[PDB]
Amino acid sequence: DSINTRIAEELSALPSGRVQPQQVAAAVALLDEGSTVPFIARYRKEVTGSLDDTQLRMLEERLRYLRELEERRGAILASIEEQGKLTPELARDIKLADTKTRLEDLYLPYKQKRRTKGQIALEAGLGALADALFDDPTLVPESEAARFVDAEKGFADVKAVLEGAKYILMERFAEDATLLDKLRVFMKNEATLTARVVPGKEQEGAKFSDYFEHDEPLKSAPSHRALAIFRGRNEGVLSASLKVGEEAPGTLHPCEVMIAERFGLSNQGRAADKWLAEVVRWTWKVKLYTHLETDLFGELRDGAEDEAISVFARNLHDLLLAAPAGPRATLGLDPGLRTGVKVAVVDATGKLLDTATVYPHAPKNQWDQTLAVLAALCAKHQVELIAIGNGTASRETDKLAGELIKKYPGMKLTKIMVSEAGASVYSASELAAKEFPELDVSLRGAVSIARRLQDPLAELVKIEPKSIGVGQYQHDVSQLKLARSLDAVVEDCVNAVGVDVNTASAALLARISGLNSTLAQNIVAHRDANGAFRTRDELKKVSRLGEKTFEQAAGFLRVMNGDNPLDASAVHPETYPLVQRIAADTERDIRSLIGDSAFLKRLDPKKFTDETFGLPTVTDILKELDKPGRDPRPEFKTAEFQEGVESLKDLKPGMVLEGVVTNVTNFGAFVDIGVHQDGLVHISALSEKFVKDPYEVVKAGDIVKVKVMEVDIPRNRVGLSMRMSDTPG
């Protein structure tokens, strides 16, 4: 209610644009109402106002976090009330608490506390001294302390009394909300991070030679550097700490001042003044400091991880939508050395046909023999492709894969490279072990290396997302965080490609919106029992399949040579009628379908608007019959396809070929694609991060990957970009 608000401003910080609290209201109303993100970003944009996935996904997360913040907010309210202290003012502070940190600060005085020496001092009645001195600095400490001495209570000497009464104040000051908020905000805009080496561990972990010594402004630190430092620190090598100016010999700490002001404690020269100054210092050096550090470090870590996990998100996303090369015969080669390189021949349907393990490289060295064995296998099964893992020793295996294809030209093979990401975790998996109880673990990996070349999406959904190692220190990162995120991309990708309920493995189905590890297997059940589905309509006869479920997955499932032709289109059964009430301009002939710009073109919206659908519900419909169930994935190109591009005519908006920069100007950079015409590349779309001047980034002679953004055959021009983000649209 005020949650839509906090979410609005978060969403409004993304390239997307500005989001209205009202939009988020609707979207949240849909979620709690059991809908799935992919569903809303697709069949409800109206009820939201064209909010996209990237937006919804973040809303979904901030949504979850804030609600936790609310649940915990109540437990506090309950707790403090039950104690007899829920003041109206405190109550108001609690409501307004923005973060979970301010929320926990406010609870401090009331949180269940251990037997701190301050409580002992209290019970010994040293609470009066604590207030007398603090309340009136002209009193004389040591003198007034004499009055509270008591050997039996744990305060035998005057010096004890004073020390005890010190912790009473230390504890009060170190739990003040307003203060903790001030010192924190200060320590984060002024303090500077510092890293050091432990006397001894110097040689031991020289891995952090770039941080064994370092000092930089905390307010702005890079994810990597930050993660590195904690990495070494946690590893037991480095020592981190924050600092503000220099603590010298003997100067007033900036924060020790704020602490005093907060309680109007000035040091004129009164009796208590010196003693009160002592308790202010101890409050900072014994309490407040380690607290702030912990709060702050854990904030930086929490931030560094976000980033890293954001990069991992992109990496996986790109891999999942790699171009599917199959259905052809493939020979997966998971490179290896000492343990040989595994071999696995799959068929044009995914069916494993043969396996083998050869030792061509070191230590053994059976290069020629290996070549003989592969040849035999490539012929025996009319192999067409050769997927090669990008892991260890792939360098020489690609050299070996070469010797091969150029010794049996009659075979017409083509070698390709693929990520081994997950190959292992998968091999050790139970799903894999259930399909190939016979194959050894090392060989189950090569089956994946092969099946993915054919279709990356299908094969990758069979691995625990968070395990498809795409990033570097991906393991070092928070797993729940990383998990719930990588799961997000996967869900986003498969629903963005559709699924043929008639051949999809139970794994792929579980990732369709509105489906679980259950209804999945269940779909297979029918398929296995009743043959084949002819229309989404028949998905209703599935065992547990329900109305909310159907409505939620029907749009992403897809019957191919079904009866209702509109079941191969992203078109939800929800609009079947809206599509039929197009009897007007009765092109019902095979349905206007695939009727391209031929009539179908535009056909001015406003066509249909009953109270429910009406626009980006229908003017996406029009973009569908035009080319039903189109594959958002890139068309497949070989490894040397470019060698086939010579003219300006051999290009279509989309390609990502390699080029060389021949000129760098202050308004972009001209590139040669080997088409006898240079391509301009605007400074803007030259990179992903903003560019001050082309001269710093790219330079003549440089080689780079670019995406042909537009082709004008008449003018003989070429539009290009060094960023794969934007599209030639």
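We number the residues from 1 along the sequence you see.
For the two regions 241-249 and 352-360, the entry's Cα B-factors average higher over 241-249. Look at the mean CA B-factor for 616-624 and for 653-661 in the entry; the higher one is 616-624. The PDB entry assigns the greatest CA B-factor among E144, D302, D563, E89 to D563. Within the selection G402, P437, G205, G410, the deposited Cα B-factor values reach their highest point at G205.
In the PDB entry, a CA B factor belonging to the middle third of its chain's modelled residues is recorded for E61. In the PDB entry, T518 places in the highest third of its chain by CA B-factor. Residue-level temperature factors show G118 in the middle third of its chain, judged at the C-alpha atom. For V24, the recorded CA temperature factor ranks within the middle third of the chain's modelled residues. Split the chain's modelled residues into thirds by C-alpha temperature factor. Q677 is in the lowest one.
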